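Engineer: Structure provided below as structure tokens; questions to follow.
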Amino acid sequence: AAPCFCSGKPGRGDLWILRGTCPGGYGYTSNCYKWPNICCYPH
Numbered sequence: 001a002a003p004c005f006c007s008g009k010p011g012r013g014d015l016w017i018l019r020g021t022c023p024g025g026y027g028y029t030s031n032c033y034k035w036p037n038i039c040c041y042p043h
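So the sequence shown is numbered by the entry's author numbering: it starts at 1 and just counts up by one.
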């Protein structure tokens with residue numbers, strides 16, 4: 001998933017698409033949100 005950076009966080013995160021929240025089964029907890037998509041942390 002994307003190299004897409006988050007706010008405060010260099011490097012990368014996963015680009016998720018038009019989700020208001022990230023899947024709970026994956027392992028995230030930290031994410032940054034950019035409708036109509038998202039990228040998700042940790043990375």
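Here a beta-carbon is modelled for each residue, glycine too, at the ideal position from N, C-alpha and C.
My understanding is that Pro42 touches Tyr28, with C-beta atoms under 8 angstroms, so please give their C-beta distance in whole angstroms.
Structural biologist: Yes, they are in contact, since the Cβ atoms of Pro42 and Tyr28 sit about 7 angstroms apart, within 8 angstroms.
Engineer: State yes or no: is the C-beta of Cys40 within less than 8 angstroms of the C-beta of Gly13?
Structural biologist: In contact: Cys40 and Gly13 (Cβ atoms closer than 8 angstroms).
Engineer: Going by DSSP, what residue range makes up the beta strand (DSSP E) through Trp16?
Structural biologist: Element bounds for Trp16: 14-16.
Engineer: CA-CA distance, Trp16 and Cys4?
Structural biologist: Cα to Cα, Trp16 sits roughly 10 angstroms from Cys4.
Engineer: According to DSSP, simplified to helix, strand and coil, what is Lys34?
Structural biologist: Note: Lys34 maps to strand in three-state DSSP.
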